[PDB]
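Examination of the molecular architecture
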Amino acid sequence: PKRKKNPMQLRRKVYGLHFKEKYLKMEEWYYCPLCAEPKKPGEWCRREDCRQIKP
Amino acid sequence: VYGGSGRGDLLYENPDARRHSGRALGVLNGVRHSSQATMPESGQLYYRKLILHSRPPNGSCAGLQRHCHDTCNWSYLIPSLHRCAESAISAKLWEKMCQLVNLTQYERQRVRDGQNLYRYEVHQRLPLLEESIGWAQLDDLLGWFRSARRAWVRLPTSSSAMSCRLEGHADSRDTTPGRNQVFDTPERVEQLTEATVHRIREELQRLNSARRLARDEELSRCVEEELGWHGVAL
Amino acid sequence: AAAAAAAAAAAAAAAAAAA
Amino acid sequence: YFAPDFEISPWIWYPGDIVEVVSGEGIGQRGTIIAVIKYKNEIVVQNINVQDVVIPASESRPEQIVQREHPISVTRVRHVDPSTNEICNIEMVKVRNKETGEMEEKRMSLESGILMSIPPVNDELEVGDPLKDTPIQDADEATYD
Amino acid sequence: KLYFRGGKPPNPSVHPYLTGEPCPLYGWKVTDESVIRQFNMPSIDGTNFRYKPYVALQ
Amino acid sequence: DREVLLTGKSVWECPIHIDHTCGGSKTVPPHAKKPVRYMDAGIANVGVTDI
Amino acid sequence: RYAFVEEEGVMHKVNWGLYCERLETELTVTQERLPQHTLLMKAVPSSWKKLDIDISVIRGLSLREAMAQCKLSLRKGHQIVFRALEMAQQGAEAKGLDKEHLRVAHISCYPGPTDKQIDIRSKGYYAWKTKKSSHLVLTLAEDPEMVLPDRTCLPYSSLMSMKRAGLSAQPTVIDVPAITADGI
Amino acid sequence: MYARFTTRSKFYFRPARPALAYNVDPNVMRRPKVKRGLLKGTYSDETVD
Amino acid sequence: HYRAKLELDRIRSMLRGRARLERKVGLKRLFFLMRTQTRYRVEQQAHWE
Amino acid sequence: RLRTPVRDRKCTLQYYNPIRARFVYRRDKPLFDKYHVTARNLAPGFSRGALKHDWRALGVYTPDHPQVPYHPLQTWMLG
Amino acid sequence: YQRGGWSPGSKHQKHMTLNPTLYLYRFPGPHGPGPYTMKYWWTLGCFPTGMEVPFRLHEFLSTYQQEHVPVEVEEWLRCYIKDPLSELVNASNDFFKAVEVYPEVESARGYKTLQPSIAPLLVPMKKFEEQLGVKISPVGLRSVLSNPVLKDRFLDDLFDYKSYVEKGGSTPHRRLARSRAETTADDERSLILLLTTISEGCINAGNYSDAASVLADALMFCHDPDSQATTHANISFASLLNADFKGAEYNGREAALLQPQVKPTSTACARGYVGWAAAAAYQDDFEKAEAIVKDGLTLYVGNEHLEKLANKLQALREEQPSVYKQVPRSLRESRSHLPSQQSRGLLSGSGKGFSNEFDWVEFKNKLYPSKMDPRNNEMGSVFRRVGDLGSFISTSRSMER
RNA sequence: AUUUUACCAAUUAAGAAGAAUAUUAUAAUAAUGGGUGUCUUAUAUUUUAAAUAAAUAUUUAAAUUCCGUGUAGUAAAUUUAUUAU
RNA sequence: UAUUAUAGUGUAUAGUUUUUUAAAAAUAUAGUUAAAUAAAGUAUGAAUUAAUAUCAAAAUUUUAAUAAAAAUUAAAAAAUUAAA
Ligand code: FES
C-alpha cells in the first residue's frame, strides 16, 4: 500500500514455488475399473461395490 | 511479406503503407536503433525485414502453432475459382447467357468486371496451381475448365481476356523480387492449360458396375463439351 | 465473526418472533 | 415514421401503376405496384425486391421458407407513362368528371399529358354477422318527427 | 382508523354521489333519492326489437 | 407490419393513432388558434423550383 | 468503386464490391476447411485474471486429459473450461472430426462485460465492488499422430482388492466380428 | 510437472480503444469491407453467449 | 514547452514492461536516456575510446 | 518448436510417491467391510508398493524378513 | 473522501457528503451488461436496481413478430408445402454429386495425411436426412469417404438408390400411405445397404453410438426377414461395442428368433447368437453364455465365430478354478472394461467439486442446491430442520424437529 | 533404461441507423399565472402605492471636490423594435 | 435483507425454524506469593496507497538540513509467513 508494482514485480510470485503448487499442478488419475470414470487414488464412490472394494 | 499478403493471397496489402488503420502509428514494434525515431530507414531490406517479421500473424498468415490451411491444394484452388465466377455472374445471368447480343449495360459491365476479377484471381493463384499440377485430380481439372467457362474467359489454347497482356511500359513495372508477379501471364496460362489437358489424358488412361459406367459416360461427355467450348481436343 | 454469528442468530430469532 | 407529417402530401403512388426503380439493389427493372404502405411511404412491386420470409415451426407444421416482395422506399421508384413507356414526371391534378359533374383528383404525366385515375379500394366484403347486423332497410327507416 | 387503513388511497373524485345521512336507528337514511341512478330502458317496440347493435354493409 | 408482409395487403393509414404532442394538445386550451402573420420572412411562398 | 490490385507489376482496377465479397468468402471458407472447431463463450462468470490460470493449466493437452483434469479440479475456471470443452466436443462431433484424436490447439481469455455492486462501509464511506466476466476461446484440432498415455493401469492395492472380491484384473475382452451386409 | 504461465501485459494495462470523431472511421473509404475479425485471424465456428 | 513526444514514442518499443506499455513512463525514460547519452558522448566517450 | 506433443503426463501410479507410500503400512481394517486383504497397499518386493521399483530377485539382503520370487510383470500392470 | 470519479462506475472510494448517491445494488458497467445483470434481467424481468427501464423490443421482434402468422396463411402454407418426391430426388442428386466430387485422400508415407474437411457435404446430408427421416453421422461419412473400398460401396449404393427412386419407387412413402404387408423393394434394400455402410464407417471411426443409431434407422426402414436378421446382428455388435448390453442382448435374441424365416445360406442367425453370448459374458453370466454358445453350435456347427467364442469361453472357464466359482451374484456387473464405457464415464461422470450429488441436484426438470435435494434429508438438508408442523409430533426424538 | 533447462515479447482496421423533426447563438408579428390519468362546490381562488428598472442611456470640456465615478432634442408617434416550430 | 422486537393495548407450552472449515503466531474473551473460540484451501472480492527505470545486502568517506544523492569499498539468490 505504498507504491505501484511493475509486471516483473508481479511475476515474482509465479517465479516462486507456492504459486506453482497452488495453481499449476497436474493431478494423476486413472479410469476406475468399476465405473470407468476418471478417479484419483484414495477417493472412491458411494456405490455398493466401490464401498465394499475400493479401487 | 511475412505478415501481409504472401504467395497465393488475394488481398493486396502494401506493408510499408499504413492502410487499413484507424490510428497514426506511435510505436514501431520492429526497431533496431534509437536513430530510427527520426530515420526509420524503412524500405531498406534489413530494417524492413525486422519490421515485417516483428508484425504479428494476420488472417492470411498463420502462427507457428495454429494449424495452417492447404491453400496450395488443387482441389481447393479450383473451387475457389468456381466460387469467384459464381459470385461475379449470378445464376440468372448465367442461364440467360447460356440460352442466348442483346444485354443490358449493367449486365455487360457486370460480365466484364467478372472477367477482370477472374483474370486477377488466376494471376494470384498461378504459382500454387503450377506447384499443385502434379498431385491434382481429374475431377478438379474438369472443374478448372468448368470454372473458366462459367467466368466466360476463353483460355489461350492457341470473349477473350487472357490473350492480351496488361498494359504498362516495361521500365515502370514492379520488378521487385519477393512479390509473386507473373509478367508473362498469357504464356503461363497457356502452359498451364496444356499441362492440365495432358494430366486429364493421363488420368483417363490410368482409369482405363452401373454407377461407374454412368460416371465414365458423364465424365467423357463433360470433358468433350468443355474442351470443345474452350477450343481444345482430346 | 465468532460472536457476530451468535448475535445474528439471536436477531433472526427475535425477528421471527416479532413477525 | 412516427414523426409528424412524415407521409407525402400529393401521394402520386397507388396500386396498379407501373414504375421503374432508379436507385437501390435493382436499377432499371420496372413492374406493377402490388401494394402500397402509405404511413411508411413504401411500395411493393412484383419481382423487384424479393426476399425470403421464414416462418417458425409450430406444433402442427414445420418451418417453411416463403418468398414475398418486400416494401420499397417510395423515392426509389419513378412512374412510367404507358403511352411513352418511359420515365415521366407526375403531378396531382383536379378535373370535374363529366358523368357525375363533380371535382376529383387524378395524376397527370407532364411529359406526355396522360391522365391516370385513382384506383378505388374495395377490401374484402365476404365478411358479415347476420345475427347482429341490422338490416339496411330497417336502418334507413326514418322515424324522426 | 376511518376512510383509510390500508395501502391504496381512496379517490374522492370518483366516489359515488352522497345520497343521505347516518342515523343510529335504521343505518343510512337516504335523503336525496334523485342522486341514485335507475337505468330504465325504453319500452319494447317493433322497430326496437328489429334493430341490432351493428349495421349491415351494402 | 408482419401481417402485411405475409398477406400482401396494402395499408392506407397507421394502425394506431399517434399523438405527436404526448399530452401537450390536452394541456393546450381547446379553443387555441395560431395568430395571423403578415410579411413573413421566407422564400417558400415564392414557389421557386429551380434553385 | 474500384480497388487497386497489383497484377503483372502494375496496379489494376477491379470491382471493389466483388473484391471484398471474394476476400471475406475465401477467409470464411478457409477457416471452415481448417480441421478444427473453435468455440467462443462470452460473459464467463469468472474474473479473467483467475480464469487465465486455469487456462494455462489446461493449455497444451489432449481432449481426454483436459476433461479429466477439469473434472478432477475444484476451480471455477476448470469447471467453465469443462463446459467449454463439452460444447467444443459436440461441435467437433457435428463437424465430423474424430473424437479420439482431438486436442486443444488454443485456450485463452480476455476481459468481458463487468457489472458493479455497491458495498456499504462505515463512517459513511462506500465504493463499488466490481463483478468481472471473461470471454473464453477454445480451439479443438485433430492430431492423428497423437499417442495417449495408458491410464487404464490401476494401483496394486486395487488389483489385489479386486482379486479378493473375485473380479478379473484384466478386462473381459470378447472378439466382436465386424458388421456385414452379406445377408442383404 | 508444472504448466507454463506468464502474467499478461494486456491484463496489466488495457487502455480504451480510440473513439471516432463525429462517428467517422478515418479509412472506411480506403479499406475493404471484409470482417476485421477474419482479416486479423479471429474466427469461431460456434459463438456462445 | 516542447518535448520529443512524437520522436520518442516511435522508439518507445525498445524499453521493457511499464515504460514500453505506458506512454508517459516510456517518454520520460527515453528523454532521460537521450540526455545522458548526449552528455556521455560530449564529455567521456572520447576519453574512454 | 512448431507443436510439441500433448503434455499428457506419463503414467505415474507405479512410480514412488510419498503421499501414497505413507499408506503402505497404515492400518485400514475399518475401511473394508466384506473384502479384507493382508497389507493391501503393500506389494511384496517393491519399494513402498511401487511396481516400477522391483527388488524381488535382485539379492537385497534381508536375513530376518521374507521375500517373493521374481515373476516378470506385464504391460497392463506397468503402463 | 472522494478519490476516483464521481460516476457510479468509478472504482475508488467515495463519501456520502461529497458524492451522495442512491442505493444501486447492482447495475451494468461501461462495457455493457454482464452475466449477473443479465441473469437478473431474465429472472426478475429488469435489472435489480429498478431504475432501469425494461426494453425488450428486439426480443419481441425476434420471437413474437416472427412466429405470428394469420389464420389464412397458416392454413394455406401446409397446402403449398413443396413436393416431397421431387425434393427427395433433388436432395439425393446433390448429395451424390457432392460425395463424388469429394477429393480422395493422399496416401502419404511416413505419417497420416489429414482427411479433408467435409464442408459441402453437410447441407446435402441435412436435406437427405430430413427427407428420409434418417440421421447420418458426419463422422461415419468422413470415415467412409476416407476409406477407398467403403467409398465405392457407398457410392454404388447411393447411385442405385437414386436410380430406383427416379424410376418412380418411394417404398417408405407408399407404405405409409397404404397404412393410412409386402416385402422389401430394391430402393429400400439400397437404402438399408447405404445405412449399413455408414454404420461400418462409424464403427471404424470409433463412434459406436452413431453406428447403433444408423443401424436402428436401417432396421426401421427394412421389412424383409433376412434384412431384419442382418440388421439386428449389426445392431447387436454395435451395442456391444457401445456398452449397451441390454440392447445387444435384445437384438441378438430377435435375430435368433428370426432365424427360421432366413435361408440356411445366411449367417445372420449365427451373428445374433454370438452377439447374445457376448452380451451375457459382459453381463458376467458365464453359464448363460456357455449355454447360448452351445445352442448356437448345435444350430450351425462349424461357424468360425461360434468356434472362436467357444474357445474364449473355454479359456475363461479354465481360469475360473482360480476363483472356484463364477462372479458372485452380489455385483454381477460391477467391472467396466470397454473404451466406450471409459468415454462415457469421462463425459457424464460426476466430477470432483461439480456435477455431483453435493453440487447441484436435478429435480424433475430443475436444478436445486444439495441442501434442497428431495432425495435425502441429510444433515445438510433443509427438510431436517422442519418438524411438527401442527398435526402431530410425528417422531419420538425430543431435541430437534 | 530415460528424457525437450530457467528467464525474457509485443495493441492493434470498428460487427449493426448503439447519434439528429439534435447542441449553442440567430425570428423584433403571440402571450391572464402551460400541466395530460382531465372531469360540480367559491363566506372558502383579491396585490394594489409618483422612486434604477424583466422599460437598460451615441464624445474627451467646464464643474462641485483632500484620486473631477462625468456629455446635452436629432428629428417632435420616425423605421433600435424583447423577437420564436 | 445492518447494532437492532418500533411494543400502544395485551397474553403466557404453537418444536412461531438459514450461520462454512482437520493445527500453529498475534490478538480478545477465559496443595507458591500479595484448558475453550477465530486456518489455509474452493468461491466471491473492497479500501487507504501508488514519480520510478527488473532496483535500492552491507560498510567506509563525503557533499548545502533524514540524505539509499555522491564516491570508494564490498558482495546483495527466488518464493511464502511473521515481525513495526
Ligand atoms: S467406479 Fe470409479 S470410483 Fe467407483
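Residues numbered from 1 in each chain as written, not as in the entry; some residues may be left out. Chains lettered and ligands numbered in written order. Part of a larger assembly, values for the part shown. Heavy atoms only, no water.

As recorded in the PDB header, cryo-EM is the method behind this entry, and the stated resolution is 3.5 Å.

**Concerning the overall build of chain B**
Scanning chain B from terminus to terminus reveals 7 helices and 0 strands. Secondary structure elements of chain B, listed N to C terminal, follow the sequence α-α-α-α-α-α-α. For chain B, the C-alpha radius of gyration of 22 Å lies well beyond 17 Å, the compact-globule estimate for 234 residues. Across its three principal directions, the C-alpha atoms of chain B cover 75 × 45 × 35 Å. Averaging the locations of the 32 positively and 29 negatively charged side chains of chain B gives two centres separated by 5 Å. (Helix = DSSP H or I, 4+ residues; strand = E, 2+ residues; numbered from the N terminus. Rg over C-alpha atoms; globule rule 2.2 N^0.38 Å. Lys, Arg positive; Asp, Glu negative; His and termini not counted. Charge placed at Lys NZ, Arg CZ, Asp CG, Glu CD.)

**With respect to the interface of chain H and chain A**
Quite often, the size of an interface is put as the accessible area lost when its parts meet. Opposite the 8 residues of chain H that make contact, chain A presents 14 residues. Here chain H meets chain A over a buried area of about 890 Å², counting both sides, of which 63% is carbon and sulfur. Together, H:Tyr2, H:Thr7 and H:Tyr12 form the three largest contributors to the area buried by chain H at its contact with chain A, with a combined 66%. In this assembly, chain H and chain A are joined by 0 salt bridges. Counting across the chain H and chain A interface gives 3 residue pairs in polar contact. Its residues placed into classes, the side of chain H that touches chain A shows 5 nonpolar, 2 polar and 1 charged. (Contact = heavy atoms within 4.5 Å. Buried area = accessible area lost by both parts, 1.4 Å probe. Salt bridge = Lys/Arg side-chain N within 4 Å of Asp/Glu carboxyl O. Polar contact = N/O pair within 3.5 Å; in protein donor to acceptor, adjacent residues only side chain to side chain. Nonpolar A, V, L, I, M, F, W, Y, C, P; charged D, E, K, R; others polar.)

**Some details on the sheet that holds strand 9 (residues 90–96) of chain D**
Residue and element names in this part refer to chain D. If you walk across this open sheet you meet the 3 strands as 9-10-11, and the pairing is antiparallel. The outermost strands of the open sheet, each flanked by one partner alone, are strand 9 and strand 11 (115–116). The pairing of strand 10 (residues 103–109) with strand 11 spans 2 bridges and is antiparallel. Considered in strand 11, the bridge of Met-108 is made with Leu-115. (Pairing = 2+ DSSP bridges.)

**Thoughts on the protein's contact with RNA strand M**
Within the structure, RNA strand M sits among 48 residues, and G:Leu74, G:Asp119, I:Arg18, K:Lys11 and K:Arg385 are positioned closest to it. Backbone atoms, meaning sugar plus phosphate, form 69% of the atoms of RNA strand M positioned within 4 Å of the protein. A distance of 3.2 Å is found between a sugar or linking oxygen of RNA strand M and a side-chain nitrogen or oxygen belonging to A:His18. Contacts to RNA strand M include K:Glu400, whose backbone N or O atom sits 2.7 Å from a base nitrogen. Those elements that provide at least two residues to the surface near RNA strand M are helix 1 (7–15) and helix 2 (18–23) of chain A, helix 1 (2–18) of chain C, strand 5 (125–142) of chain G together with helix 3 (23–48) of chain I. Broken down by element, the residue count for the surface near RNA strand M peaks at 8 residues, all from helix 1 of chain C. (Near = heavy atom within 4 Å.)

**A look at the protein's contact with RNA strand L**
Near RNA strand L lie 40 residues; those nearest to it are A:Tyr15, B:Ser21, H:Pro18, H:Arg31 and H:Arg36. Those atoms of RNA strand L that come within 4 Å of the protein belong to sugar or phosphate at a rate of 60%. A:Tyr15 has a polar side-chain atom sitting 2.4 Å from a phosphate oxygen of RNA strand L. For RNA strand L, a base nitrogen lies 2.4 Å from a polar atom in the side chain of H:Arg36. Where the surface near RNA strand L is concerned, the elements lending two or more residues are helix 1 of chain A, helix 2 (24–27) of chain F, helix 1 (9–12) and helix 2 (36–40) of chain H together with helix 2 (18–21) of chain I. Among the residues forming the surface near RNA strand L, the class breakdown is 12 nonpolar, 8 polar and 20 charged.

**Regarding the nonpolar core**
Residues K:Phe95, K:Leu141, K:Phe154 and K:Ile198 are the most contacted members of the largest nonpolar core, which totals 97 residues. Sort the elements by how many residues they give to this core and helix 13 (residues 268–282) of chain K lands first, with 12 residues. In this view, K:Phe95 contacts K:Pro124, K:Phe128, K:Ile136, K:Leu141, K:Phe154 and K:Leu158; residues no more than four positions away in its chain are not counted. Within the second largest apolar cluster, 41 residues are counted, among which are G:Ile53, G:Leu85, G:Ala88 and G:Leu102. (Core = buried A, V, L, I, M, F, W, Y, C linked by side-chain atoms within 4.5 Å. Buried < 20%, exposed > 50% of the residue type's maximum accessible area, 1.4 Å probe, protein only.)

**Overview of helix 3 (residues 63–72) of chain G**
Note: α-helices contain 3.6 residues per turn, so residues at a spacing of three or four share the same orientation. Of all 10 residues in helix 3 of chain G, 10 are buried, a share of seventy percent or more. Of the positions making up helix 3 of chain G, those classed as buried are G:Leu63, G:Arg64, G:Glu65, G:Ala66, G:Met67, G:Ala68, G:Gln69, G:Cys70, G:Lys71 and G:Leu72.

**Considerations on helix 10 (residues 208–221) of chain K**
Over its 14 residues, helix 10 of chain K runs 20 Å from end to end, which matches the ideal 20 Å to within 8%, given 1.5 Å per residue. On its buried face, helix 10 of chain K sits against helix 5 (122–132), helix 9 (186–205), helix 11 (225–242) and helix 16 (339–348) of chain K. (Expected span 1.5 Å × (residues − 1).)

**Points about the pattern of salt bridges**
Close approach of charged atoms allows side chains with opposite charge to pair. Applying the stated criterion to the full structure yields 56 salt bridges over all chains. The shortest N-O distance in the salt bridge between G:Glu26 and B:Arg125 comes to 3.0 Å. Linking G:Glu26 in helix 1 (residues 16–33) with B:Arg125 in helix 4 (residues 105–132), this pair reaches from one chain into another. Taken individually, G:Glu26 and B:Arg125 each receive the classification buried, so the pair is uniform in this respect.

**Section: the environment of B:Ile78**
Turning to its location among the elements, B:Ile78 is positioned in helix 2 (residues 74–88). Contacts of B:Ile78, omitting those with residues within four sequence positions, involve B:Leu129, B:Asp140, B:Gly143, B:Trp144 and B:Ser147.

**Brief notes about the interface of chain G and chain K**
At the junction of the two partners, chain G supplies 65 residues and chain K supplies 82 residues. Carbon and sulfur atoms make up 60% of the surface buried where chain G meets chain K, a total of about 6,400 Å² over both sides. When the buried area of chain G at its contact with chain K is split by residue, G:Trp128, G:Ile179 and G:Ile184 rank highest and sum to 13% of it. The tally of links from chain G across to chain K stands at 2 salt bridges. Taking the shortest distance from any N to any O, the salt bridge between G:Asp182 and K:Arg271 comes out at 2.7 Å. There are 25 residue pairs in polar contact connecting chain G and chain K. Contributions of two or more residues to the side of chain G that touches chain K are made by helix 1, helix 3, helix 4 (76–95), strand 4 (102–120), strand 5 and helix 5 (156–165) of chain G. Here the side of chain G that touches chain K takes 8 residues from strand 5 of chain G, the largest share from any one element. When grouped by side-chain class, the residues that make up the side of chain G that touches chain K number 30 nonpolar, 16 polar and 19 charged. As paired strands, strand 4 of chain G and strand 2 (residues 26–27) of chain K are joined by 2 bridges and run antiparallel to one another. Within strand 2 of chain K, the position partnered with G:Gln117 by the bridge is K:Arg26.

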